[PDB]
Amino acid sequence: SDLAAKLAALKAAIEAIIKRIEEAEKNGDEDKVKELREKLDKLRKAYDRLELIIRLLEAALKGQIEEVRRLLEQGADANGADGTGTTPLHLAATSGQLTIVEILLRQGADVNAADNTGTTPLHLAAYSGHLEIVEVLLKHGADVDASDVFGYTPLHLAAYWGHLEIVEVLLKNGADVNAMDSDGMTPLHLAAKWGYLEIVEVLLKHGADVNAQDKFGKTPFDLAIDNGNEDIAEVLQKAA
Numbered sequence: 539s540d541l542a543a544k545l546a547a548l549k550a551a552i553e554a555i556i557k558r559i560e561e562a563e564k565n566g567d568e569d570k571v572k573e574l575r576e577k578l579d580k581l582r583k584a585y586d587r588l589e590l591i592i593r594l595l596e597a598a599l600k601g602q603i604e605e606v607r608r609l610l611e612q613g614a615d616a617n618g619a620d621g622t623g624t625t626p627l628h629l630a631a632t633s634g635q636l637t638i639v640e641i642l643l644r645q646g647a648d649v650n651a652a653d654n655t656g657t658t659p660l661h662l663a664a665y666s667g668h669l670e671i672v673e674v675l676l677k678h679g680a681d682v683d684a685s686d687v688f689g690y691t692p693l694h695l696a697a698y699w700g701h702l703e704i705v706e707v708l709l710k711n712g713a714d715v716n717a718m719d720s721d722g723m724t725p726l727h728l729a730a731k732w733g734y735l736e737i738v739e740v741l742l743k744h745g746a747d748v749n750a751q752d753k754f755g756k757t758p759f760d761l762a763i764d765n766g767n768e769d770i771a772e773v774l775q776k777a778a
């Protein structure tokens, strides 16, 4: 998209300098030719590097394990990012490509790479329900409480999307059970809103603040009432 436009722009710059190199040797200007030939070489190397990153993103996303191995053997940058800061490890973590995750981390891929909105691979694996990827990222030093620009932690995302085992694994890795997003919402607020009873129970058992108030004065209890979650409203009134 923005990588395609950037690759087509290198294509264009390379063809333009070639025309200039030829006018110049043909005009007999030796020094301009050598200067332009040095630039040409840098542009070609930058074209090749970018074309490998485009292919590595696509291969990681589509779970093509051998194509990922090929591209890395050819020199593809394991840390290369698209124009939103998305890396191969982001795409692998989202689409559940465990072997590709492990292969990228062996190449020195940043396990904590933040895209332009502060989203890390661990956020995406938590969102997307990929438990074994959550585990492998944490084993390799993923920040359990990384905060995106909205203030969401992986635990917020696991609570929001109803992934119970991922909630358990994140709390076992020291996730702050009472982390607050930019609206003051806690994981318990999200689990109560979306009706995830089992997650509500796990959060309470790990010290979730039943009295926590978002930026609108709402407790979890309140969101359970507003959203018709009767059982959850019951457990929250009891704990209060």
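Under the deposited numbering, think of the first position of the sequence shown as 539, with each following residue one higher. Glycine included, C-beta positions come from ideal geometry on N, C-alpha and C.
Quiz item: In or out: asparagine 749 buried (at least 16 other Cβ within 10 Å) or exposed?
Solution: It is exposed - the Cβ of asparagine 749 has fewer than 16 other Cβ atoms within 10 Å.
Quiz item: Comparing alpha-carbon positions, which option in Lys583, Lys710, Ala680, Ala746 lies nearest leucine 627?
Solution: Cα-wise, what sits closest to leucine 627 is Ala680.
Quiz item: Helix, strand or coil: how does DSSP classify residue 783 here?
Solution: There is simply no residue 783 to check, as the chain begins at 539 and stops at 778 in what is shown.
Exercise. Identify the continuous alpha helix (DSSP H) that holds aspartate 540 and give its terminal residues.
Key: Run containing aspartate 540: 540-564, per the alpha helix (DSSP H) assignment.
Quiz item: Between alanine 551 and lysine 572, what straight-line distance do the alpha-carbon atoms span, to the nearest angstrom?
Solution: About 17 Å.
Quiz item: According to DSSP, is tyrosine 585 helix, strand or coil?
Solution: Residue state, collapsed to three classes: helix.
Self-check item: Other residues of its chain near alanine 630: CB distance less than 7 Å, five sequence neighbours each side excluded
Solution: Here the set comprises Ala598, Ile638, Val639, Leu642.
Quiz item: Using the C-alpha atoms, what's the distance from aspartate 719 back to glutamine 635?
Solution: Between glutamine 635 and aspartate 719, the C-alpha separation is close to 29 Å.
Quiz item: Candidates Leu742, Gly755, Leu761: which alpha carbon is nearest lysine 776's?
Solution: For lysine 776, the closest C-alpha among the options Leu742, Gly755, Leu761 is that of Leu742.
Quiz item: Where in the segment 649-735 do unbroken runs of the beta strand (DSSP E), each at least 3 residues long, occur, reported from the N-terminal end onward?
Solution: Taken in chain order, the segment 649-735 contains no complete beta strand (DSSP E) segment of 3 residues or longer.
Practice problem: Please name the residue, chosen from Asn716, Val674, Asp615, that lies closest to residue 786 on a Cα-to-Cα basis. | Solution: No answer is possible for residue 786: the residues shown for the chain start at 539 and end at 778.
Quiz item: Which residue's Cα is closest to the Cα of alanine 778: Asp769, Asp764, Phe759?
Solution: For the residues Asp769, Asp764, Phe759, the minimum Cα distance to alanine 778 belongs to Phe759.
Quiz item: Counting Cβ pairs, one atom from each stretch, are 3 or more of them under 8 Å apart for the segment 653-663 and the segment 682-699?
Solution: Touching, per the Cβ criterion.
Self-check item: Exposed unless 16 or more other CB atoms sit within 10 angstroms - verdict on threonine 622
Solution: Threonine 622 should be labelled exposed.
Quiz item: For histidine 628, which of helix, strand or coil comes out of DSSP?
Solution: Of the three classes helix, strand and coil, the one that applies to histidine 628 here is helix, per DSSP.
Self-check item: Residue of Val740, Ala562, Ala554 minimising C-alpha distance to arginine 582
Solution: Taking only the C-alpha atoms, the option nearest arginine 582 is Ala554.
Practice problem: Keeping to the same chain, check which residues put their C-beta closer than 6 Å to that of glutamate 605; ignore five residues upstream and five downstream. | Solution: For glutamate 605, same chain residues with a beta-carbon under 6 Å away, outside a window of 5 residues either side, are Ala597 in chain order.
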